[PDB]
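Examining the three-dimensional arrangement
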Amino acid sequence: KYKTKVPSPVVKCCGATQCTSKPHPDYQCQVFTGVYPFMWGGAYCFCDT
Amino acid sequence: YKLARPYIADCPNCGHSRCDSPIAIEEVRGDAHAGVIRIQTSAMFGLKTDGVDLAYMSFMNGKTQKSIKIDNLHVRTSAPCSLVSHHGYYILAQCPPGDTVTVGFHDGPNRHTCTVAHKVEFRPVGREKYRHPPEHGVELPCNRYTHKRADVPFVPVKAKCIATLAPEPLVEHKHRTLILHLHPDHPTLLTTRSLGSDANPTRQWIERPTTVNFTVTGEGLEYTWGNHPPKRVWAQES
Amino acid sequence: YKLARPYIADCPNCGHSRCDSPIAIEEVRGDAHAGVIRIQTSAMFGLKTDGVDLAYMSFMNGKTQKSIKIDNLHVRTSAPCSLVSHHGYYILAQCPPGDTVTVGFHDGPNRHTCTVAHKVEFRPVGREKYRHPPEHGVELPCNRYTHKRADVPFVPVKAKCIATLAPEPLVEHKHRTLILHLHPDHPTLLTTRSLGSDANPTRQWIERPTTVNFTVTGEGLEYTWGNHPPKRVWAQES
Amino acid sequence: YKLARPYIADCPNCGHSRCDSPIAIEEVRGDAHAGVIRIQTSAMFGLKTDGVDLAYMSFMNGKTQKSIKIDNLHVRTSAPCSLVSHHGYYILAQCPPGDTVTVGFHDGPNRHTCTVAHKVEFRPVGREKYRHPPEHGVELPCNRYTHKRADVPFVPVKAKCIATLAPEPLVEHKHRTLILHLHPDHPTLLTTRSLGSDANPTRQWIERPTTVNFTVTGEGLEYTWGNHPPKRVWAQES
């Protein structure tokens, strides 16, 4: 059984970051926008887009 | 209303020997293609004395109008439910089975819980099931509600709901024949039909590594797999 | 009256490796066509610090001998379950399966919880299920334990509960022929027999809308559908 | 070691309008060939001021925070699960799937419960699943974990596993034929083959008293009944 390692995703509240490759056996990244849907949080990021 | 306080309502059935309860559920929405349910009822979550909040509720206990922090006071449908948003007159929760909606106080000497019968179903909008969107898998259309207080009312809308993805679909091209080595880890509905003037009219739900050979007349084929966005070929190389 | 005491007893499944729990269900009675349960716990219900209530219990969990409100002590099968009456060693509650009872503490320090998978069952004495009240058909006997004290054991007494009679029993009589137009929602047993010197002995379990034709010779027939004692028609189209 | 702290982790559905929650299980290890689980939780279970304890936990959030003694916080699959030992960041418990753990607290500002069910699939090295090796029946070598306290993680331990078998494997000998009158109390996998030139590779799961005849070479036959390494009889009336 594998163990998934997440180092922690780089999250910019009201910004963005492009993927930087790192050498791991099944290294995969994706850049994901949103993070938090609009009107869904109580101390969430202001930017939901 | 949202700022209006809970009140006694007809429902003379509780699980204890006290049954003088609120709750009758004015309206409920739960005929979504999500997993979440919006309830409009007296025994209001999202309302304390401060008006509309996201993590406090108010209730008539059977005769005691008060507010508390959510402790041993639980919403349920046919299973426990952990709320997602509270909006005054409206409760919003993730409640996976749906159907019956049960708001209850599991307090000491007076333990009231009302359940109201309703048809709250969560179903495909396409052919992939929804009943509790997780956070892993492809986002697909669904009905949902706004999940933050606007104090405007919570009413139906359409949003995006996660549904499970499956492993790599290994396609193998051959001449006038496309064998699809498919490897679900989870129930995928495999629908095929050709994108030619031939057809492959085969719906089947599949699980686990299998092969399925299909005809191609020289115009490929469409296969939708898991109701995930179609994998389609139009070649005679297919 | 009550000749019971709250104390620890061994339960093979608890929330910690600490299995020095009370609330350990010695016996359960569930031989009914109801939904209610008489539970015999090692912990005493119907005695709190102040004695007799209908919604407080007392216990010793080998770490605290105290009483609490049935709030801190919740019965569950997963979702809450509300007690109705207490008779010392015995509890009487509504908790629909009534063969799986998990009694657990959200009291003070340490989490003792006993779960019981008792040998008693709810069952029909007929040929088709009515073991728990449905919404289908009309009542047949059940057992519902006394909700006041009447010896430490709550006595079992007969009561009335809903019973299955098969959904939509459209009978149609015709010449020499009895068609039974059936439209169940669930597996119903259809038994027929002639009452005269005609035969027709036909047991079948059916699901989904179907028809079942029988001969008639002008000498009656009985059809029971979904657990009934004889329903009879005679000397014609029967 | 025991340097673990309480912290938040992303959950699919947890209380409040954000699931950046307490009591959220980051990872789970099901890397056993038993039924035991090593759990890695952001919120710490198993530690008060004592170091390694069996009955206190801590958690934090920002919206629904506090620490408690384990009591209002119940672990469940839907029934209790008992921890045995804590090694800081790692929790060790016996729980049946060993991949699905649902932890929730029914006290504090909201009623949060996180469930983890993300894969780390396993089954015993035999063919029957356990939640922890039972007393009943044959032993099988397997992997599991360390369960004694010693605080870093509870690393796999080559140590015994046990598979339950059914009560009566009544073998009946005849000339070149062995009928196995089997009397399941519980689902047993019966795999057979005759020993010798003749062989009868037949796997079947059975429940309830049945007979199953197999041909025999006259050189013996193997039947494993209820997950065993070969139980075999040799040339005789086999």
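Residues numbered from 1 in each chain as written, not as in the entry; some residues may be left out. Chains lettered and ligands numbered in written order. Part of a larger assembly, values for the part shown. Heavy atoms only, no water.

In its metadata, the entry names cryo-EM as the structure determination method and reports 14.1 Å as the resolution.

**A look at the pairing of strand β1 (residues 25-29) of chain C**
Residues and elements named next belong to chain C. Alignment of β1 against strand β2 (residues 36-45), held across four bridges, turns out to be antiparallel. What sits directly across from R29, in β2, is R38. Between the end of β1 and the start of β2, which pair antiparallel, lie six residues. (Pairing = 2+ DSSP bridges. Helix = DSSP H or I, 4+ residues; strand = E, 2+ residues; numbered from the N terminus.)

**Some points on the relation of the copies chain D and chain C**
Superposing chain D onto chain C takes a rotation of 125 degrees plus a shift of 0.6 Å along the axis, which leaves an RMSD of 2.9 Å. Both chain copies can therefore be described as sitting about a three-fold axis. Of the residues that chain D buries at the interface, just 17% are likewise interface residues in chain C, meaning the two copies contact each other through different surfaces. (Least-squares fit on C-alpha atoms. Contact = heavy atoms within 4.5 Å.)

**Let's talk about the interface of chain A and chain D**
Taken residue by residue, the interface counts ten residues in chain A and 17 residues in chain D. With both chains or domains summed, chain A and chain D bury close to 910 Å², and 45% of this area falls on carbon and sulfur atoms. Ranking the residues of chain A by area buried against chain D places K1(A), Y2(A) and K3(A) at the top, with a combined share of 55%. Where chain A meets chain D, there are zero salt bridges. For the side of chain A that touches chain D, a count of residues per class yields five nonpolar, three polar and two charged. (Buried area = accessible area lost by both parts, 1.4 Å probe. Salt bridge = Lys/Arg side-chain N within 4 Å of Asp/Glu carboxyl O. Nonpolar A, V, L, I, M, F, W, Y, C, P; charged D, E, K, R; others polar.)

**Considering the state of the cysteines**
What we call a disulfide is simply a covalent bond connecting the sulfur atoms of a pair of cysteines. If you walk through the whole model with that rule in mind, you get twelve disulfides over all chains. Residue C13(A) pairs covalently with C45(A) via a disulfide, S to S 2.0 Å. Around the S-S axis, the bridge from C13(A) to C45(A) shows a dihedral of about 95 degrees and counts as right-handed. We classify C45(A) as buried; its relative accessible area is 13%. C11(C) shares a disulfide with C114(C); S-S distance 2.0 Å. (Disulfide = S-S within 2.5 Å. Buried < 20%, exposed > 50% of the residue type's maximum accessible area, 1.4 Å probe, protein only.)

**Looking at the environment of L170(D)**
All names here are of chain D. Position of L170 relative to the elements: it lies in strand β15 (residues 168-173). Exposure remark for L170: the relative accessible area of 34% places this residue in the partly exposed category. Once the C-alpha coordinates of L170 and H183 are considered, the two residues, 13 residues apart in sequence, prove to be 7.9 Å apart. Ignoring any residue separated from it by four or fewer positions in sequence, one finds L170 in contact with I179, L180, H181 and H183.

**Some points on the sheet that holds strand β4 (residues 51-60) of chain B**
Residues and elements named next belong to chain B. Ordered by their spatial adjacency, three strands build an open sheet running β3-β4-β5, and the pairing between neighbours is antiparallel. What marks the edges here is a single partner per strand, and that holds for β3 (45-48) and β5 (65-68). Averaged over all adjacent pairs, the angle separating strand axes in this sheet is 60 degrees, with direction ignored. Two strands pair when backbone bridges link them, and β3 and β4 are joined in this way by three bridges, in the antiparallel orientation. When the bridges of β4 are listed, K48 appears paired with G51. (Axes fitted to C-alpha atoms, helices over the stretch in contact; angles between N-to-C directions.)

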